[PDB]
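Just so you know, all these numbers are worked out from the coordinates, no wet-lab data involved. Because the Cβ atoms are built from the backbone with ideal geometry, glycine has one as well, and the counts that use them run over all protein chains shown.
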Ligand SMILES: NC(=O)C1=CN([C@@H]2O[C@H](COP(=O)(O)OP(=O)(O)OC[C@H]3O[C@@H](n4cnc5c(N)ncnc54)[C@H](OP(=O)(O)O)[C@@H]3O)[C@@H](O)[C@H]2O)C=CC1
Ligand code: SF4
């Protein structure tokens, strides 16, 4: 029962749990670097937060090249 | 000059001259100056890429044993493109002679961790890293010794002042020891002392 | 009146018992520790006065700060200072300890030991002579003689 | 004014500030934090006492090199008090024992002491004298403590009227009275509201009032920024304490009455930020178990 | 001007090393605030840590950024050991005001500060 969209929904409510972006405003068309306005500092914070929630090691080069929550959930579905 | 004047050993002057000319002729790749002091200790002034090769040469080669390591120092000299001076000091057991290996260095480009050839250089390198900032690549442990871990700034520079920027005291407000900016209760009266009139005419550097 | 007489004699008794021996802990960083060891000498006995060298901190009566305090030493200094019984007195031995001394205009040196603990006796010298330190400890005993603690408790 | 009274350069640790503060009491807790903040500011503090030199010795090294000075007074004579306020820029009355003794009851300490010191301070000619009291000190019943404080406030307003009457709520810190009182237990369940206010912002407001003008004459009060339930307070300190001289006057002081007043400014009106219970309470609630 | 590097090839590997260092500092905070019996919430200390990372934000040479990575690595090793104490970690905070503002009027009441 390792569904795609269940993992996408747990990504969605840990993104709800993160505090330094208001409002939610979240989509798979997010690209939240500058389209939703997040620093690379906040980027790597969210990256390591996913890594801590349900991830493997997640080395920072491929984690850096994600840039998008759709591709985040797709790369978790790729690796896991 | 027969009383009260320290005599000098011209035998040792000629011997160190011949040995320095020997070393300079047999390693032309890195040797730049070999100078003999008037008080007869040998000085070899070295480009900072033959650190490991020249130290492997000087520890061995059996014409010059030189197992004993003395200081490694760094003397902070501005008005130079390469500021600092890494000063190895070597002493031969079988021969009773002392050579000062003065290799030069800048602020940022490293030298290469003499602990791989000289175990005594370990804590000397750690100390010179903590106090100056001459980076030591290919070295196992560069930590802080002779400072506080909350302290930083590499205080043996000439750029760092005499009194440091921080100052400790205790306060019962936060119930602990705090670090405030420096508040001297006395000036440290500095004395301009260098008189004119050319105390040594032999050491007159030429003008522009 | 007679209660005042009782409180006066009892206060004098307990202050006399305090000033009887007063074994310190020898903190002793630098060469002033060597001079503390030399006032433990046969020619100048601490043990004639009940003064005993004892590094047990939990039975330390007074504390002798002697040596050069540094920034790396000071937190451990006060952490040793606080694990001590509540009647406590501090003897600052040495020019370094009682105001910085020769390393005064320098980083990594706390300017004396007023900046960490309260100080009661200042004995200067570099090093203070064992003679002078022992005069300081006798003056400490007479400071303990003039304390009127239980009289202030009675008229409180 | 004579020189070396103006501020000098920067502030703190023999960076000489302006005031010369003669402080009464100051062996007590709030007085000790006030002396600590004046040593942080670096002003010259004159504290007289009556106890052993041990207590003033342990508050001594907070002061800088000679910046604080220790002298003596008695609970009766005006003479040593006038000697303490001969040369004094500002002066504060922080006195009071919270129970009756065999030589000093609640009478004549809060009655005689601010009268005598305000008299000799008016005769010396001080400015910006500040007298502390407690909030909700009213003439009404069930509080000898608070009615003696209200008599003392009327004394401060009557003789030497150009003063500053000030009152905080139940203040808490590292050596609080009521937090240790709530820990040193074994207990009654009634209705009471109460606001506690943390100590260091209170004394920063005190030193802001004493060094700033425009605040003379006005009476000030200090407000706990949440003003929550007594029973919630006891259950909160119970749960965070992790363990699932008590006279009747003290227990009535802590249970009976607490209320707000809108006449007079609080914290941010004077220009100081107030900080709530939670962070500093987690700090001070050590000593759980082994 | 052939100058030796330290570790990297441009600022990009420097960004990789500093984001690895920031990840290590971010997941290195809660053990420290649990161990040292501190006084400050987790998010406030994390915010001052990321503020310290924001402080040096205008450095472009690769050697300097690599050397700052090395400094943060040394400090992180010392904090993940128990070599440092409560005084040092509180010394990273600046709670002992000194509230001295940039207000020119407040710069005028206590002055001589160009
Ligand atoms: N709940 C509270 O604690 C609150 C208290 N306050 C006020 O603050 C003060 C209490 O503060 P705190 O530090 O906690 O308590 P303290 O009792 O310790 O402070 C009073 C100080 O003055 C001294 N003192 C008092 N009366 C006399 C006297 N008759 N003769 C000589 N010395 C005297 C005390 O003892 P010593 O003589 O030995 O120095 C002590 O040093 C009181 O004035 C109270 O009105 C205000 C708000 C809340
Ligand atoms: S005062 Fe003199 S003898 Fe004592 S620790 Fe300092 S240098 Fe040594």
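A few notes on this one:
- Residues in the stretch C:5-38 that are under 23 Å from residue C:59 (Cα atoms) and within 16 Å of ligand 2 (Cβ to nearest atom): C:26, C:27, C:28, C:29, C:32, C:33, C:34, C:35, C:36, C:37, C:38.
- Of all residues in the stretch A:57-74 being touching a helix residue (DSSP H, G or I) at 6+ places or on another chain (Cβ under 6 Å) and closer than 16 Å to residue E:24 by Cα, the one that is nearest to the other protein chains (Cβ to nearest Cβ): A:60
- Residue in the stretch D:120-143 that is surrounded by the fewest Cβ atoms within 10 Å (Cβ to Cβ), counting only those that are within 16 Å of ligand 1 (Cβ to nearest atom) and in a loop (DSSP other than H, G, I, E, B): D:138
- Long-range neighbours under 7 Å by Cβ, at least six apart or interchain, first residue under 14 Å from residue D:58 (Cα atoms) within the stretch C:84-97, second within 16 Å of ligand 2 (Cβ to nearest atom) and assigned to a loop (DSSP other than H, G, I, E, B): C:90/C:119
- Residue among C:127, C:87 that is in contact with a helix residue (DSSP H, G or I) (Cβ under 8 Å, 6 or more places away or on another chain), away from ligand 1 (no atom under 16 Å from the Cβ) and within 13 Å of another protein chain (Cβ to nearest Cβ): C:87
- Residues being touching a strand residue (DSSP E or B) at 6+ places or on another chain (Cβ under 8 Å) and not in a loop (DSSP other than H, G, I, E, B) - total across the stretch D:255-290: 3
- Residue within the stretch A:11-22 that is assigned to a helix (DSSP H, G or I), under 11 Å from the mean Cα position of the chain (by Cα) and under 20 Å from residue E:47 (Cα atoms) present: yes
- The condition of being within 14 Å of chain B (Cβ to nearest Cβ) and either more than 16 Å from ligand 2 (Cβ to nearest atom) or in a loop (DSSP other than H, G, I, E, B) (or both) holds for only one of C:54, C:151, C:111, that being C:111.
The rows are residues; the columns are (1) more than 29 Å from residue C:154 (Cβ to Cβ); (2) more than 14 Å from chain E (Cβ to nearest Cβ); (3) within 16 Å of ligand 1 (Cβ to nearest atom); (4) surrounded by 12 or more Cβ atoms within 10 Å (Cβ to Cβ).
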position	(1), (2), (3), (4)
C:19	no, yes, no, yes
C:28	yes, yes, no, yes
C:39	yes, yes, no, yes
C:68	yes, yes, no, yes
C:73	yes, no, no, yes
C:94	yes, yes, no, yes
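- Flag if residue A:43 is out of contact with any helix residue (DSSP H, G or I) (no Cβ under 6 Å at 6 or more places or on another chain) and within 14 Å of chain E (Cβ to nearest Cβ): yes
- Cβ-Cβ distances below 9 Å connect no pair with a first residue in the stretch D:253-264 that is within 14 Å of chain C (Cβ to nearest Cβ), a second residue that is part of a loop (DSSP other than H, G, I, E, B) and within 16 Å of ligand 2 (Cβ to nearest atom), and a separation of six or more residues or different chains.
- Residue check for residue D:173: within 14 Å of chain B (Cβ to nearest Cβ) and either within 16 Å of ligand 2 (Cβ to nearest atom) or crowded, with 18+ Cβ neighbours inside 10 Å (or both): yes
So that you can scan it fast, the table gives a plain yes or no per residue for (1) surrounded by fewer than 12 Cβ atoms within 10 Å (Cβ to Cβ); (2) within 13 Å of chain B (Cβ to nearest Cβ):
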site: E:48; (1), (2): no, no
site: E:58; (1), (2): yes, no
site: E:76; (1), (2): no, yes
site: E:93; (1), (2): no, yes
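- Test: residue in the stretch C:70-79 that is over 21 Å from residue B:147 (Cα atoms) and not in a loop (DSSP other than H, G, I, E, B): no
- Restricting B:76, B:71 to those that are within 25 Å of residue B:36 (Cα to Cα), more than 14 Å from chain E (Cβ to nearest Cβ), surrounded by fewer than 20 Cβ atoms within 10 Å (Cβ to Cβ) and in contact with a helix residue (DSSP H, G or I) (Cβ under 9 Å, 6 or more places away or on another chain) reduces the list to B:71.
- In summary, residue B:108 fulfils each of the numbered conditions (1) at the interface with another protein chain (Cβ under 7 Å from one of its Cβ atoms); (2) closer than 24 Å to residue B:47 by Cβ; (3) not in a loop (DSSP other than H, G, I, E, B) with the single exception of condition (3).
- Residue within the stretch B:117-139 that is part of a strand (DSSP E or B) and out of contact with any helix residue (DSSP H, G or I) (no Cβ under 9 Å at 6 or more places or on another chain) present: no
Residue-wise test of (1) under 28 Å from residue B:175 (Cα atoms); (2) touching a helix residue (DSSP H, G or I) at 6+ places or on another chain (Cβ under 9 Å); (3) within 14 Å of chain D (Cβ to nearest Cβ).
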| residue | (1), (2), (3) |
| --- | --- |
| E:1 | no, no, no |
| E:15 | no, yes, no |
| E:30 | yes, yes, no |
| E:38 | yes, yes, yes |
| E:45 | yes, yes, yes |
| E:62 | no, yes, no |
| E:65 | no, yes, no |
| E:72 | no, yes, no |
| E:81 | yes, no, no |
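- For residue C:130, the conditions (1) crowded, with 18+ Cβ neighbours inside 10 Å; (2) more than 16 Å from ligand 2 (Cβ to nearest atom); (3) more than 30 Å from residue D:14 (Cα to Cα) all hold with the exception of (2).
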